[PDB]
Each structure stands twice: as C-alpha cells, then as structure tokens.
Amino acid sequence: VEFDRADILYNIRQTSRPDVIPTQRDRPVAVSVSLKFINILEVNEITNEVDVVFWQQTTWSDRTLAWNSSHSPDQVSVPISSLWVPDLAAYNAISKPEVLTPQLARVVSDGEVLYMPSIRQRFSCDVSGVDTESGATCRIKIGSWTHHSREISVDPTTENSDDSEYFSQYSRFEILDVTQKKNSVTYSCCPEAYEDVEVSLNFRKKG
C-alpha cells in the first residue's frame, strides 16, 4: 500500500481547487448527465407543475485529482466541497434542488468523478394528458448556468438500463418512456452557445 485512503484524501483536499474548471488543451470539460427518476410525487394539470424525485447522475474527468494507484486504492469518496463540480441547473425548475443524499462524490485514480445526488425538485412543464393512456410528456432541461460550450459540453449518458429500474412501485404514477435529447443553444442574452440535456419524461396516472 503506497498511498492509503488517508493520503489520497489529504492530497485531494490540499490541492483540489474547487473553484477551477478542469479544462484540458482548451477543450471543454465533457460532463455526462443522466436523470434516473425515482418518484413523481405531485402533479397539477391546471398549473402545469410537477414535483419529482430523481438521481442526477453526473460524470466528468478532472485529471488534477489523479494519483498513481499501482499499489494503492483506485477510488475514494470525497465531499463535493473539496472538488470542482459542474454548475448544472434545470432551466425550468421552479424550486431550489433539495438534495436528499450525503454530498459526496466518487473519485477514481484516473481523475474520473462520479456524483449522483438524489434531488427532489419542482418543475414547470407540460402536464396535459397525464390522466390519459398516452400520458403527459414533461421536459426537463439541464445545463451549465455560466459555462458556454467551449468550457462545458453536456451529453446524455450511455445506454443499457431500463427507464423504470429505480422508479417507486408505490407512486400514483407510472413511467412510459424517458428520452434524453441534446441541445446546443445560443440565446439573445449571450453571444456564446450553452449546451443542455433535455430529458423527456413520458408518464401517466395509474388506472
């Protein structure tokens, strides 16, 4: 054992610059974002508002975190306060994200970071048809609040898992389909393009 977990964590806390985006060769930090829906708690077809629980699965690389793990543990759990974390925000959120879980990320000796908080949050989106067979399709847009496409690129995750694997069987609602579209948007507010992942939650009230 070259570096034990105490040495690894000590090195990360002393030298991780949480305010510094881990950019490489002036390429954007590639952030992967995938929502795994856990619950749909409250739906209002009149106001077009949903209250939803989801895992915001977030991965990226930060090579300033890397260590030689040939004779050491190759992974540690790190408080996010000690790490740079992408400034992701859901564009159509109408409440502050309530993080339900310990605020720790997993860091791998090659600098990959995985962070997957469970968030409860309310959204403004299309709720029409929720009580039909076709269901409603609520779209959630997540992207960097302040980093444009040359600094943060945002891409949807890789595909092997079912959409309902994590979803509560006790919810009043059921998931029909979940698709993760990718957008690069240039707005009037700002000259640069901002990338987002658009998650389409097709869901319906159980019969």
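Residue positions are given as counts along the sequence shown, with the first one as 1.
Annotation: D162 belongs to the positions left without coordinates in at least a third of the other compared entries, with flanking residues modelled. Higher mean CA temperature factor between 151-159 and 27-35: 151-159, per the PDB entry. Remark: of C189, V185, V20, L9, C189 shows the highest value [criterion: C-alpha B-factor in the PDB entry]. Looking at the C-alpha B-factors along this chain, the one for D87 belongs to the lowest third.
In the PDB entry, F167 places in the middle third of its chain by CA B-factor. In the deposited entry, the Cα temperature factor of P117 sits in the middle third of values across the chain's modelled residues. Among the modelled residues of its chain, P79 has a C-alpha B-factor that falls in the lowest third, as given in the PDB entry. For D110, the recorded CA B-factor ranks within the lowest third of the chain. Only modelled residues enter the ranking.
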